[PDB]
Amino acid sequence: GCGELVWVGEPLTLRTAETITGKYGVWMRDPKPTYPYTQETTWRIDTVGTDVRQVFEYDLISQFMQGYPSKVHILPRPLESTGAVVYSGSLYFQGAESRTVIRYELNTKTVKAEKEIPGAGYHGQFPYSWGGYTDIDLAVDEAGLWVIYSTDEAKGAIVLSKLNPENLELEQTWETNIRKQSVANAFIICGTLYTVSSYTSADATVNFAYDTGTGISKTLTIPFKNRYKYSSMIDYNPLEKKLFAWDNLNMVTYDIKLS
């Protein structure tokens, strides 16, 4: 069931990158898996550098945690930053040095859709507080695919839009009052956007919420620990009902509780 976020557990480390290429990155699973993948399939992208194209795919959680990839994809266009997601068989990622979101179908290794996010800042205009060109952050929740960004019209406040996952059309858009560059990252649970206060602190918080169903903004004080002091990626997986994050070489997960 759905509800308001009221608690975040301790970070559990599932895998640690062994080279600087993985200081920051994104790892994820598909909340709507489709053949030939399952809910165990895991994708990992080490995102340090300027020509990021390698996506590590693991059929089994055991492989993700202890072994080599079962397949490596080479994306047809380099990828920007840590905001990508996998949803219903496709990797949704941002093209390097662009405001373009690309739908890359994993089974066929084929680009199925591309869309400029209208007005979105990119490449260091509205990053989260750590930088990293994190201007555009994709999200999956219980209702499907979203994108988190900002625009000049919004004066850098977080904007979020629901996306058509087939053709990337924007279906609805909400504007918050939260300065995107003032928070460490964000994610969406049950239609509510949440932000994290700090990417370095062991004593950070989930500090703001914006409910797209009611339009109401709130402050929160839910503890959030950056165990390794440099969180580059914090997303929510609605199938596992957990946070997935990347913290200074470490792929970590957090349990949650909803009201």
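Residue positions are given as counts along the sequence shown, with the first one as 1.
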* Structure fact -> Entry B factor averaged over C-alpha atoms, 56-64 against 28-36: higher for 28-36
* Report the stretch with the higher mean CA temperature factor, choosing between 138-146 and 166-174 on the basis of the entry. => 166-174
* To do: Between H73, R99, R179, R77, let me know which has the highest C-alpha B-factor in the entry?
  => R77
* Asked: Among the chain's modelled residues, which third holds the C-alpha B-factor of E18?
  -> highest
* Asked: Relative to the other modelled residues in the chain, which third contains the C-alpha temperature factor of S201: lowest, middle or highest?
  -> highest
* To do: Please rank the C-alpha B-factors of the chain's modelled residues and tell me whether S129 sits in the lowest, middle or highest third.
  => lowest
* Asked: According to the PDB entry, is the CA B factor of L5 in the bottom, middle or top third of its chain, that is, lowest, middle or highest?
  -> middle
* Would you check the entry's CA temperature factor for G95 and let me know if it's in the chain's lowest, middle or highest third? => middle
